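Structure, as structure tokens:
Values quoted throughout were computed directly from the atomic coordinates according to the rules given, and no laboratory measurement underlies them. Positions of Cβ are generated from backbone atoms using ideal geometry, with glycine treated the same way; all protein chains shown enter the neighbour counts.
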Amino acid sequence: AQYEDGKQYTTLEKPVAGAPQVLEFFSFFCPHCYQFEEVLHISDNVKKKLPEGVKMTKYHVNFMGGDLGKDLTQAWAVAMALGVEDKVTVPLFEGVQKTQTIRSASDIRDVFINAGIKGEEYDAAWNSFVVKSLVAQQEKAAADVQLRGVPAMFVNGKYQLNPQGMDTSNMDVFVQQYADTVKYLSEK
């Protein structure tokens, strides 16, 4: 075939019912995740090729960066609750991996303040039970699907993208192949 199990995707031997359609995992500590966001714009190009009425979900993970990794998963919960993903993603990435100015929860908070979220509103979100369950959601979904590596994308809780089995000479070709693969898996 042109798309083969084990080549551009693997299949979960234990499928995850009730899963979000397109589910993506990342960590602000994850170097390929940085590329995926800043250089490749994977999420965005996948979206552009998906049907619509297709929900796209992105979650942070705990297993990188110890204590700060968990702070970042709670911070990403705040970002999702406030709808400000598109305003903090880049400075969180650069703060962790480029400038290395994020070392504490307070430094994470600074990024949100600078992006214009109000102090009171951030701290209230940070401490809210809506955010707590949004942290639990991120953890449960990672737990449902065996997750030991990022970046990772799952489609309908059954198919996992396998970018190792795609071409990397051309960055644009890689992205298109990746997005086309998600679309193919989507209509499966």
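Quick look at the values:
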item: Qualifying trypsin sites (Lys or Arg not before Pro) for the stretch 1-65 [loop in DSSP, other Cβ within 10 Å: at most 14]; result: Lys7, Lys55
item: At 0.890 mPa s and 25 °C, Stokes D of the chain from Kirkwood alpha-carbon radius, µm² per second; result: 143
item: Candidate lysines - alpha carbon under 22 Å from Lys87, same-chain residues fewer than 8 apart omitted; result: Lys47, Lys48, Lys55, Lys58, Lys70, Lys98, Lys118, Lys132
item: Simple label model, 7 Å out from Cα along Cβ direction - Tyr3 to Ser133, nm; result: 3.4
item: The chain: most fluctuating residue of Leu12, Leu161, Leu68 per GNM, C-alpha cutoff 10 Å; result: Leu12
item: Ellipticity estimate at 222 nm from DSSP helix runs (n ≥ 4, -39,500 (n - 2.57)) divided over the chain, nearest 500; result: -15000 deg cm²/dmol
item: Potential extension, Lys87-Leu12 segment - 0.36 nm per residue separation minus Cα distance; result: 23.7 nm
item: Cα→Cβ-extended label distance, 7 Å offset, between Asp110 and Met171, nm; result: 2.8
